[PDB]
Structure formats: structure tokens, C-alpha cells
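Working notes, structure below.
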Amino acid sequence: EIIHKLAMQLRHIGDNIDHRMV
Amino acid sequence: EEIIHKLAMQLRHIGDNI
Amino acid sequence: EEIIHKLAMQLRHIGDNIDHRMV
Amino acid sequence: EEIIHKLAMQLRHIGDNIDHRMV
Amino acid sequence: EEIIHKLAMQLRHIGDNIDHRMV
Amino acid sequence: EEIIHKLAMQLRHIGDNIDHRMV
Amino acid sequence: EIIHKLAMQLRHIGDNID
Amino acid sequence: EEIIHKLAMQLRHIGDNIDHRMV
Amino acid sequence: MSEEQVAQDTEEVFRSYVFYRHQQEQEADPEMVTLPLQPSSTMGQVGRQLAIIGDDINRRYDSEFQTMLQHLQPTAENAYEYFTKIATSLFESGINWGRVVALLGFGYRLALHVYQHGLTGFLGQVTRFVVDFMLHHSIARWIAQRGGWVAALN
Amino acid sequence: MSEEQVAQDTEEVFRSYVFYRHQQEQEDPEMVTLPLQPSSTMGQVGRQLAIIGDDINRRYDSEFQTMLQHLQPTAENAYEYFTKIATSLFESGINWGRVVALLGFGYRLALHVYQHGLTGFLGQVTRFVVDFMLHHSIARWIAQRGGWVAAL
Amino acid sequence: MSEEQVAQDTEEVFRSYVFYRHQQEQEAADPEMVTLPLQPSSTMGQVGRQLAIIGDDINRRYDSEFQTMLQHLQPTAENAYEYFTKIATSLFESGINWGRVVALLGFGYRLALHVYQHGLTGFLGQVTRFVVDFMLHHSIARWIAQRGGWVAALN
Amino acid sequence: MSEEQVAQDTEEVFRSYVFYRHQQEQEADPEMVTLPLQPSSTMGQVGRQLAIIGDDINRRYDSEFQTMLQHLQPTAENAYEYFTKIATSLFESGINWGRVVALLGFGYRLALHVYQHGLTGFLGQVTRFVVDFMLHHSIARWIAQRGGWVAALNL
Amino acid sequence: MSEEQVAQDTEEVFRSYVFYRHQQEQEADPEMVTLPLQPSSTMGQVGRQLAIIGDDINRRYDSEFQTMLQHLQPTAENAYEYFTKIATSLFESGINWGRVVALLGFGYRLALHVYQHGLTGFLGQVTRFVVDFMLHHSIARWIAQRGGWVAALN
Amino acid sequence: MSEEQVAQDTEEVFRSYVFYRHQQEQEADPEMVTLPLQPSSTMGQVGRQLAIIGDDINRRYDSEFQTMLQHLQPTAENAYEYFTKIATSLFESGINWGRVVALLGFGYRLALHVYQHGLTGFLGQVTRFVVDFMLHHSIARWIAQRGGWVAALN
Amino acid sequence: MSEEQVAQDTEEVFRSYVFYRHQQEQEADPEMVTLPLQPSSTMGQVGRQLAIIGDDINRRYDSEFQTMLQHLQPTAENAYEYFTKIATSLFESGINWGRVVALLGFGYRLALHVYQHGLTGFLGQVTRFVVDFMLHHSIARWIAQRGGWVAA
Amino acid sequence: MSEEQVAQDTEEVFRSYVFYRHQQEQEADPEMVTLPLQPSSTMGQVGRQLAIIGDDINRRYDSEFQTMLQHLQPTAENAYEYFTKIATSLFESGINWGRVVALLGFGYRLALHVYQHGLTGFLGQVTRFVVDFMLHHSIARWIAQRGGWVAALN
Amino acid sequence: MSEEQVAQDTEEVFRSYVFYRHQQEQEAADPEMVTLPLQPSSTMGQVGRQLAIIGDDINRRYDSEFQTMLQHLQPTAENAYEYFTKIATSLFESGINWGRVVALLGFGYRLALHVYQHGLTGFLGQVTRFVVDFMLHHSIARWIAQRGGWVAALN
């Protein structure tokens, strides 16, 4: 359950760094 | 003979308008 | 040269949006 | 290439103004 | 010779694809 | 016989990937 | 284009170090 | 032939460079 | 771009034009509405885009123009005599793409008038009249030089 | 599930896509009569993915048709243009959304050329789609998720 | 299984592939292939029917460039073996698999068909001989042999 | 009428055009007043004519044209290139009699701007750029199909 | 650009990622301060650029992140399992570069959190779980299509 | 070029591949660091180049292999049987130059396995497995038909 | 005075420039303060008087310049392409003694922007850029026509 | 001074050019660090000066040569053929002392390149190509007509 | 390539040209041309197959006045060679051409068909000999053998 909550939080930091980075 | 001159000069206008 | 990109940029917004619904 | 074009594109106008005095 | 070679690579390609289909 | 085969199939994968480099 | 405005400025100080 | 030749003229260039220095 | 290359391509550049121009002229003749179109050629696109750029200018002079073709009254024999004769003058002044669509428009208008006067199956000659004249009167060598018919897509 | 597997299943995924997307458009002859594979799970893939973008593809229409007309895709540059647009779509990233936005580019260019006199080219669009996806890692993406059947 | 057993056996797996792939294509002509006789009760016509089956999707696609390339080649009666040999050695220059052996059979088919269509009639026994002669001299018949023969292709 | 008989009358047509129109304009260029013409030159009327009928049009665009080519500042080296290059784009859109005359006017515009700029004697080369561009772009064929330069006396 | 070179370069990008991000988050981990960086590498400036971009998109989730990594309580036995179990769900929705910086960023947040519970000298294995997850899960193949890690300087 | 020539040339192609691939892997087994090389043969150029193209693929498929060999437990007596049986099914479906390099990698992976597990001084046995398997199972013949091992430097 | 001797002398002309100019801007880069300096050579004084006769006009244009190198963002691989290409145009207008101290001044900053961007151990290559560009583009020679760097 | 005197004198000019040029550069190929040098020969002073009087020019184009030599893929078998073809094209337009120094350095660059690519103990073969080329292509006679290699120390 | 070798080749080039042109003309009758038998596996049938198709587009602009000129000729079994010979020597009197060799075979076809419709049955074999015997005796076969033979035409 945790292992998952770790991925989706990181999706949000990734796609937020995304717009910043494109 | 004369009608012949008449078609060519029309299309010409049409052509140059195009 | 600048049309191909403007197509792939919006094409990307259609994907980005559709992605939100699928996933 | 812009000096070349506008020079040519200039020459068409006098080429169709002088064409009418011709035809 | 440039044709003979183009014909031989289309044949490798169709060959390796049928290949993936057989194993 | 069953471990043997998994070594052979992995060598095929490695081999076919290196082939794609040399051709 | 960045390459030109680099030298352009470096020219400025240059002739000013003169 | 074509790789071969490019190495030769490179050698000429370095070769004529060094000449002027010793001359 | 080869000369008669542009020639062979003139086969369906025309067949396209007449197809699309009639589909809009109505806005009839089943020899053209049914005129079979090839699959997957850019030459079809050329006949459609020129079909719809000249259409408006090809919408005023249709009254005055075909009134002449009656007083001329061309048959199935002098048709090529008449065609070449008018088209030799249409270019005797000066060449350009506007007039290249004017020849095809005469090709659309001669086709239309022969059906409407009892001449049937002659669209298969008003095509050939259009392809031979151009390869034998320096027009196909005018088109091949600028990239061809695809160059007209501008 | 192999890349080859996804490549083949892609043929029906597209021809199976266009069909239901055109039908849902009306509520092209070559798109109404578009033959569909009997009993394939892929046949359904091409209509689930057609119904999901019904919102996002509803708005972006008048967008795309003006940009296509100025690009003027003929039978020659058709693949050139397809590979070059679609490459630029996936450089930034990949995701299922941009997978679906790529098939929409296959329905929109299929439909553009037919309207511009390219009768019977939908058979080359399908291959532009499948040949762009096998030579540019997009097929390898999908099979890694299970194949198109994962999209559902 | 010996080399010449596989080489002898390639007469009927090729002749059979041809009849069956044509019968394939023509339900979706080369009457030399429709009226092709098929040897009674041999597993090699079994093998030819399976190989013709397997090879359609991949083929059904690349039927345009092949047509146009074979046209600018203009093979004749005199140069067709040389071209067959030159193309066939470049195909296995990089490697040998079973799909490339079926791919080889298909270009014997594509070739026998193009030259007929272009006026080379009754040429099917020579194309068959190119196929049988290339395999034996360029080691294709030996690769097939050290795996059971052509019948092994039925998996 | 061979498109080559058009090729040599043009060496006489251009020179005439430059000269007869030089004098009307003076109302300079040594090389254009030195400029001699063969006698009983029927093509000299042509260059006299073509300079006339197009004068009141050519007395309008003389403003913006003296500043355009100077930014080009042709040389002895890039003068032919700029010639053929400017002239290819004047007929990519359409031929007619004015565009061919409007072509010669610019050689004069070039052969004179070049003299005021210090390129003495370049009057011979400007005549070739005309002939040479005209033969090698199907402009001389257009003239021999219609008859030749004599038929330009019907304007 | 071979995928093999991206993965060998990932050594430098991560090491420098940890060192250059730690240098900002410290204004501690002894292994990450004293962290050495090879000289005259582009993966050294690349490490620098990825650690400076989403600073706030990283300083925005410290509570949520350092809370879940503590109930999970990673050890030196299950570390890699968790690393790959988590990292699979990350790019399963899709690939972009922000998620590639998000992969690294978690390692810095793993290797450090882990460090704070007593697991000394563990920074060279977190460097390893990053390198041996990308090459084996197409993350080093995606980067190879674009040029490498240096292209990330745009 | 003979197949027997390719077979005797295979001793130095293999010996060198081991030397140079071990040498990058280190950036252990001393029988491969001390491995003698023949002076001025282009078969040492072959084994240096082939050691290097297996750079991406071979790094990935690493612990995957050692865990499978650990289950094999090849000894001095069943290793040639085991070498043969794996290698025989690698080429059952086909041959290409890349599979030839994967057969030198498995000779390297198995030469190293047994050293690390206590079979010292066996490097020269793994070399004959490679030479002998290649000469009885048509691999040398295949290579000789392409100009020899030297054709691989493309 | 050979150009080559001018080129070999430039090595410590730059080090001393880079060493001494950094000591100015300071009152960081531990590659330029540690920067060992050769003993009892005029070239240590040559580079010393040119790093000081330039701190008026340079110390001002710093922000203008470094903002461009963060837009240019040079790497360990394109550094030579750039440095050559900037300094090349710098000198296609002409050559004076201000512009040679102006050149060495860009080596000071280029070797400093990449240090401040994470490119360690490159200060030894920035001297080479100077030493190579000058001989290969006729600047070691022009300096030699006066007497060397010593005239400065 | 005979051309055969220059021909036998050339082995020591080349061997010594390699040693001293490898030495400045290194400030690697241990066949060149441990390269023996004849005592009290003036020819060891000729290779020392020829090696220094190309230093800067030579490092300048170092990268172009390496990458051009890799596509050549010289072997033990084709290195002479390749050495001769490059070297006959170098002097086809002209002979001067610098070009003679450039034929030494290309003997040095081909010698090092094959070593780095795995052809060991080949230094002596490269010295023979240098010497046998020069004798058989009039480069030795050129030099003998000027006092020998010793004339170069100016 | 021997010019006497180009003579037997012409028997199968003409008979192939006949069959295939007739065939493609129909599909856009002389049943001696529908039932025309063709050598199996001869390159010369590929020649006659290609020579029929290149002329097709032009050979539909002139099908008319040819028809009406051969009517006032009124060829017979007796005068047809003579008229054939005299039409064919006048065709190559001003020059020889690959196209005039295809226009020679075409008049063989068009005269072979005129006589048939006009009641001369069983005459194709005499026409083929007019073509074969004219070409030999009037240096047309030597020209082609110099070019490489009829197969040179598949280019």
C-alpha cells in the first residue's frame, strides 16, 4: 500500500518538474 | 474564324484573373 | 517547418488531456 | 535572397505594365 | 546492384518477421 | 534440461541484440 | 546568435582596454 | 580509397605546416 | 520532372478537375459525374484544388462563353481543329498558371457542351485533346520545369 | 507479448479505431465500409480508445483542419510529414494519452486527404501508424504494459 | 537427414508453396500456378502449404516496392539465375533462420510471377531449379538437414 | 526559326536596347555611348522599339531600384550568379513579352550601376548573361515559337 | 548514443545529483558532503542542473515523503526490491524527464533517509539501484534516443 | 579461408576476448589478467573488438546468468556436456554474427563461474569447448564462408 | 622571438592572469587560488599587469556576460567549438592590445562559469583553448612581431 | 651518403622518434615507453628533434586522425598496403623535409593505433614499412642527396 | 550478337507484339491474333510484350487514318510484300531509330489485321516473314545486333 503511495506522490513531483523543465 | 478569336481572349481574362 | 511542430504541440495537449481520463 | 526576390518581384510588375502597352 | 541489394534487405526483413512468428 | 534451455534462450536474446549492433 | 553578442561585448572592453 | 586519401592530405597539411617551421 | 511524365499525369489531372468542377457547377452529365477517379494519386488533389479556385471566376462568363460555342457549333471531327486553334491563342500572349487552369476550364466546358448536344462518349477524346496539345505545344515542358502539377498546389 | 505482436495487432487497432470514430462523428465512404476483424479483442480496443477522447477531440477540430490545409499533405510527403509530426509529439514524453493522440492524428489525416482528393489512401495511413510505432519504440512501450488490451 | 534429401525435397515444398500461396492471394493470375500439379501423398506439400500460410501478413504489405523493384530489374531468361543468386546470397550474408528460408521461397514466387506477367511463360521449373540449386550450393540444404529436413518446419 | 537564331540577334537586341534607351534617359555610361551597332541591323529597331514603348513605365520604378542593387553591390564574380538568379524567379511565375523586356531593362540597370560603381568594360559580360540565361532557361525557345524578335514590332 | 553509455554516465549524474542537491538542502550526511565527483565530466554539470531545477517541487513534499519512508522502514535486504517495486509504478503511466529527475530525487531521499537510521556507506548501492534499474527497464534506452544526459541541460 | 583455419584461429580469438572483456569488467580472476596474448595477430584485434560490442547487452544480463549457472553446478566433468547443450540450442533456431559473440560471452561467463567456485586452471579447457563445439557444429564453417573471423571487424 | 615561444609562454600568461584576476574579484574557485605559479619568469609579471589593467572595464560587464553563458551553457565537449567561434569573430574586425587582454579575460570567465556550473578540473583545458586558438589563428605571431608578451 | 645508408639509418631515426614523441605526449603504449635506443648514435638526436619540431601542429589534428584510422581497421595483413597507399599519395604532389617528418608521425600514429586496438608487438613491422617505403619510393635517395638525416638538424 | 541471330529472334518478337497489343487493344477482333501461340521461356516474348505497351498511348491517335489509307491500298496476297517493302524502305530512308523499329512492327500488325478483316485469312505467317525478311535485307537487324540484340530494348 505504501509502495504505491510512494509512486504517485513522485508522479506529481515529476510532472510538476516536467512543466518547469519543458 | 472570328468566334475563334473570341473564346481565346475570354479564357485569357479568366486565366489572368485566376 | 514550423507547421509540423505546431501540429505536434496541440496533438500533445490532446494526449495530455486524454491521459488524465484513461489514467 | 531578399534583395534578389524583391528585385525579381519588382521586375514582374513593370513586366506586366509593359506587357499591356504591348498587348 | 543497388536494386539487387534493396531486394535482399526487404527479404531479410520479411524473413526475420516471419521468424519471430515461428519461434 | 530446463535450466540449460533458459541459458540458451537468454544467449539468443543477448546474441540477437548484439547482432542488431553489428548490422 | 549568442556567439556574436559575446564577441561584440568582448570587443567593447577590448577597444576600451586600449 | 576515400578514407586512404583523406589521411594523405591531412599528412600534407601537417607536413607543409612543419616545413615552413623548419624553413 | 520529365516532360511527358507531366503528360501522362495530365490524364487524371483533367479527370479530377471535371469530376470536382461538375459536382460544384450543379450548385448535368453522367459522363463526368461517374468519371472514375484513381485511388491514391496526388494528381487527383491537383484537379480538386484547381477545380475550386477558378470556380468563382468560372461562374460569371459561363453565360457569355458558351453562347459562342453554339455559333461556332463544333463537331466530333473539327473538335481537335477547334480546340487546338483556340488554345494556341490562349497562350500566344503569355504563359502562367492562371491560364493553365483556363485551358482545363475550356476542357470542362467543351466536354459539357458535346453531351448537351448529342455527342456521347466524347469525354474520352476531350481528355486526349488536352494531353496531346500540351506535350506538342511546349506546355508540358512549362509544367515539368516548375516541379510539375504538384507545384500548382500553392 | 512481443513488439511484433503489438505491431500486427496495431493494424486492426487503427482500422478498428477509424470505424467507430467516424460513426460517432456523424451522430467518407471508405470509412463507413471499413472492414472489421471478426471476433478480436483488438476490434474493441479501437472503439474504447475512440470513445475516451470524444471530449478532447470534440474541441480541437477547427484547430487541426486549418493547420493541415496549409501543410498540404500529398501522396509523396505523406509519410515524411506523419513521421515528423508524430516524432515531435513523443520527444517530450510518452503516456497512454499521447498514444491515443497519435491515433487521432491517424484519423484526422486519413480524413483530410480524402476530402482533398486522395481517394483510397486509408490503406497507407494504417501503415504510417504501424511503421512509425515499430521503428520508434512506441510498440515496445505498449507490449511492456501487456499490449493494447491493457489500455482497457 | 542428408543434404541431398533436403535438396531433392525442395522441388515439392517449393512447387507446393507456389500453388498454395497463389491459391491464397487469389481468394482476397498465374495459371501456371493454378494448374500446378501437386505430388500425391507427400509431407512436402504439407510443408509447402504451411509455409505459404505463415507468410501472408508480412507479404500482403510489401507487395508494392517488390513489384516496382522487380520491374526496374527486368530479369530475363538469361540473367534471372544470376540475379536470383546475387539477391539470395545477400539475404543469408547476415544470418540464417527459418523465416529467411520461407522468405527465400517467397522471392522465388515473386520472381516466377513477375516474369510470367511480363511474358516469360512456362518458366516455373527453372525458378524451381534456381531455388533447389541455390540451396544446395550455398549451404541452405545442409542447415535444413541438420534439423530434420523440411518437415521440421511444421512447428 | 531556331532558338539559336534568337541567341545571336540578342547580342544585337540587347546592345540596341541599352544604347537607344541610354540617350532617352540622359534627357552616364561611356560603354553605352561608345556602344556601336552593325549596319542594316534589322534587330536594331527592336532594341530601339523595346526601349521606347516601355519608357513611361520605366520612368517610374527608377527610384527604389538605384538603392536595391547597390546593397547587392555586384562584382565581377557574383554578377552572373545574381543575374541568372534574379531572372529565374521572374519567369517561375509566368512568361509574357513584358517580362522578357523587363528582363533586358535590368541588365541595363546592372550594366550601368556596375559602371557608375567602377567596373569599366563590363558591358560585354552583361550581354552574355542575357544571352546565356535566355538559352539555358527556355526563354529563347519562347521567342522562336512566336517567330522571333521582329514580331515584337507589333506592340 | 548507446544505452550502455547512459547507464555508466548515471554514476556521475546521481553522485553529482546528491552532492549538489545536498549542498542546497544544507543551506547532514557525511557521505554526501564528502561525496567526490570525477573531474571534467558533463555528467557533473548535469548532476548540477537536475538538482537545482525543481527545488521547491522537492522542498514541498518533505513531510509527506519522510513520513512514508519511515513506516516503510527500508533495510539493506529489501532495499532494492522496494526500489524497483516503487520505481515500476512511476513510469508505468508514462515517461518524461521530470519523472526521470523524480526517480533520482527519490534515491537521494532513499540513500539519505536510510543513512539516518544507521546504514552507513550505503550511498554507493543506491547509486547502483539507480543504474541497474534504468538499463534493465528501458529508462536508459529512452535517454539514449535523445542524445544522453547532457541534452538535459535544456 | 578454411573452417579448420577458423578453428585454429578461434583459440586466439577466444583467449583475447576473455583478456579484454575481463579488463573492462574490472573498470576477479587472475587467470584472465595473466592471460597470455599472441604478438601481432589480427585475431587479437578480433577478440578485442568483439569483447567491446557486447558492452550494453552483456552488462544487463549479469546476475541473471550467475544465478542460473549456480543452479547448474558445472564441474570439471559435466561442463563440456553443459557447454555443448546450451550452445547447441542457442543456434538451433539460427545463426548470425551476434549469436557468435554470445557464444564467446558464455565461454567467458562459464570460464569465470568455475574459477570463482573453485575450479582453477580451467581456462584452457573452456577454450577447447569453444573451439571444438564450433568445429563439429558448423559455426566455424559458417564464419569461414564469410571470410573468416576477420570479417567481423565490420 | 618565435610565435611558438609566444605560444609556449602563453601558458603561464593565462595561469597568472587567472590566478591574479581571481584574487581581484575576491577582495569562489579553489582551482584558481590553488593555481600554482611558475617562478622567476616575467610571464608571471606579464599576466599580472594585464589582469590589473583590465579590472575597470571588466568588473562592470560581469553580469551582462555571465547571463549569456547561462543561456549558452557550454559543456566539456562543445567548449572548444564555442571558445574558438567567439574569439574568432572577436578578431575578424581587427586586432589591438586591448583585444588580447580581452581574449584572456574570457578564458578567466569561461573557466569560471563552468566551475560555478559543476565542471571541475577544466582550468587546465581553458589554457589550452587560449594557447591553441592563438597560434592557429595568428595571434602568437602578431605578439611576436613586438618582442613577445614582455612588451606588454 | 648513399640512399642505402639513409635506408639503414632510418630504423634508428624512427624508433627514436617514437620514443621521444611518445614521451612528450605522455607528459599509452608500453612498447614505446620501453622502446630501446641505440647508444651514441646521431640518429637518436635526429628522431628527438624531428619529434619536437612537430609537437604543436600534431596535437592539433590528433582527433581527426584517430577517428579516420578506425574506419580503416588496419590489421596485421593490410597495414602495409594501407601504409603504402597513404604514403604514396602524400608525396605524389611534393617532397619536403616536413612531409618526411609527417611520414614518421603517421608511422607513429598507425603504430599506436593498432596497439590500442590490440595488435601487440608490431612496432618492428611499422619501422620496416617506413624504411622499405622510403627506399623503394625515392625518399631515402632524396635525403641522401642532402647529406642524410643529419642535414635535418637545421 | 549476330544479325542472323536477330533474324530468328524477330519471328517471336513480332508474334509476341501482335498477340499482346491485340490483347491490350481489345481490353480497352482478329482470332488469328487471339489464338496466336507463343514460345515458352523466350526472352523474345518479353521484348514483344514491352514493345506493344510503350506505343499504346500514341497508337490510339492514329488508328483511324491508317485504317482508311490501307483501304485504298487494297493489299492482296500478291502485292502485300511489295507494298510492305516499299512502305518500310521509305520509313528508314531518312534515319534509323529504336522507335521506328517499333513503328515497323506496328505496321506489320496493322497490315496483318487489315487483310484479315478484308478477307485474307491464315496470313499472319507471311506478314511475320515480310518483317523478318525486310529487316535482314535492309540492314535493320545488323543495327539491332550492334545495339546488343532485341533484348537491349528492355531498357
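When we count neighbours, we look across all protein chains shown, and the Cβ atoms used for this are built from the backbone with ideal geometry, even at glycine. Every number here is computed from the coordinates shown, using simple stated rules; none is lab data.
Some observations on this one:
- Net charge in the neighbourhood of M:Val126 (other residues with Cβ under 14 Å of its Cβ; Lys, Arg +1, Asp, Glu -1) is -1.
- Chymotrypsin sites (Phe, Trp or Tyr not before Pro) restricted to the range Q:48-125 and DSSP loop, no more than 11 other C-beta within 10 Å: Q:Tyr62
- Diffusion of the range I:4-154 by Stokes-Einstein, at 25 °C in a medium of 0.890 mPa s and with Rh set to the Kirkwood radius over alpha-carbon pairs, works out to 158 µm²/s.
- Label sites at M:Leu153 and O:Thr84, each approximated as a point 7 angstrom past Cα along Cα to Cβ, lie 1.7 nm apart.
- Neighbour net charge for O:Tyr115 - beta-carbon separation under 9 angstrom, K R +1, D E -1: -2
- Net charge over other residues, Cβ less than 13 angstrom from the Cβ of N:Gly148 (K, R count +1; D, E count -1): -3
- Cβ neighbours within 10 Å from other chains - mean over N:52-65: 6
- Separation in nanometres of the label points that stand 7 Å from Cα toward Cβ, at M:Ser63 and I:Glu92: 9.3 nm
- Projected over all directions and averaged, the alpha-carbon convex hull of the protein assembly as shown occupies 74.9 nm².
- Dimensionless Rg/Rh of the range Q:4-153 - Kirkwood Rh, Rg from C-alpha atoms: 0.93
- Given charges at Cβ of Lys, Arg, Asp, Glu: the protein assembly as shown dipole, positive-most of P:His113, K:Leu91, K:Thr35: P:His113
- Under the combined filter of DSSP loop state and at most 15 neighbouring Cβ atoms within 10 Å, the range N:67-131 retains these GluC sites (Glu not before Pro): N:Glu77, N:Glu92.
- By the rule of a C-alpha distance below 22 Å, with chain neighbours fewer than 8 residues away ignored, the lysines paired with N:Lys85 are F:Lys6.
- Within the range Q:21-46, backbone nitrogen closer than 12 Å to the virtual label 7 Å beyond the Cα of Q:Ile53 toward Cβ: Q:21, Q:24, Q:46
- Peptide O:84-91 - average C-beta neighbours from other chains (10 Å radius): 5
- Helical mean residue ellipticity (222 nm; -39500 (n - 2.57) per DSSP H run of 4+; nearest 500) of chain J: -22500 deg cm²/dmol
- Fewest-first ranking of M:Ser40, I:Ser63, using other Cβ atoms within 10 Å as the exposure measure: I:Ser63, M:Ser40
- The relative contact order of the range N:48-142 comes to 30 percent, based on Cα pairs under 8 Å that sit 6 or more residues apart.
- Amide N of the range P:23-39 lying under 19 Å from the label point, which is placed 7 angstrom from the Cα of N:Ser40 along Cα→Cβ: P:29-38
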